[PDB]
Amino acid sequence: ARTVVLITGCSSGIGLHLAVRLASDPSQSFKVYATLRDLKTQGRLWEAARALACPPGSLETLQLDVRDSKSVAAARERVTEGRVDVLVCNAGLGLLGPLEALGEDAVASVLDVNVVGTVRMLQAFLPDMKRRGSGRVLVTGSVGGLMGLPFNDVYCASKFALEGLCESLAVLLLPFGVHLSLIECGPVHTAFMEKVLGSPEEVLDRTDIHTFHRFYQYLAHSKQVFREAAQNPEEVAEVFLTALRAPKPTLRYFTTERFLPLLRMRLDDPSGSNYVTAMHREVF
């Protein structure tokens, strides 16, 4: 009857704006479960829900920790309709800084949440989609999963992993009628790079002066790129809707064509030397 949509990571950003956008829909086609790690962060989701005046019953919140498969099961249990038509894997963690300055727990956590937690969603939800012979999976990707960035080593590691995970799955799912797509985001203006980085004080402690100086230069350049390229989460959310609406989804949707030149140069010098050279000069 309604298309049932479960989204992870709805407390801010792309996930919040997509949950209520679908909400929301003048057509009333969508029943949305918006999941969040901490319910104390659900205020903005319910504010924004009021702003776009979502109908009553359009939006149910669930608590869901993607690092915890019992929590993934308990959120799956609470899906009354007993199917999910559109699973959106969007919960994600950032990590920014000199590699030797990152705590090993913080490294472990990004991988846990960004890769393993996506795996846990797909394990809990894919079986029944394959049995039904239908279902859409959308995954928040990043242009940092398509080309490496200085000081984003671990974030890019995590983002690249999702490409590996999802491309491998797509090759299998083709004849099942289950559709998986990555929505590849450039910079998005939400609230992103926040406490994804330690204090200058603590970062200097953990690295050399020359590396520290380079981090500042990367930050200056990143601020510039964001101010000249950063997209709306509203703009980003339409791309998810385009994929969810397509009769035969491709593997990747790009929310911006802007980085495609740069990605072309990675990909026709397989040695990686052109990319690394171009990016070094771009950043520094």
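Numbers for residues come from their place in the sequence shown, where the first is 1. Take the two forms, superpose them, and find the largest set of C-alpha atoms that agree within 1.5 Å; that set is the rigid core.
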* **Which of 109 to 117 and 199 to 207 lies farther from this form in 7 other deposited structures of this protein, as RMS of C-alpha positions after a rigid core fit** => 199 to 207
* To do: Decide, for the other PDB entries of this protein that were compared, whether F192 is missing from at least a third of their models.
  => yes
* Do the CA atoms of 157 to 165 or those of 197 to 205 have the higher mean B-factor in the entry? -> 197 to 205
* Structure fact -> Stretch with higher mean Cα temperature factor, 144 to 152 vs 74 to 82, is 74 to 82
* Asked: Considering only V32, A48, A230, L36, which residue's Cα atom bears the greatest B-factor as recorded?
  -> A48
* Based on what the PDB entry reports, which of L111, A191, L122, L95 has the top C-alpha B-factor? -> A191
* Structure fact -> Assert third(CA B-factor, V20) within chain per record equals middle
* Structure fact -> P175: C-alpha B-factor third of its chain, per the entry, is the highest
* Relative C-alpha B-factor of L251, binned into the chain's lowest, middle or highest third -> lowest
* To do: Using the B-factors in the PDB entry, rank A237's C-alpha atom against the chain and give the third, lowest, middle or highest.
  => lowest
* Compare the C-alpha B factor of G117 with those of the other modelled residues in its chain, then answer lowest, middle or highest third. => lowest
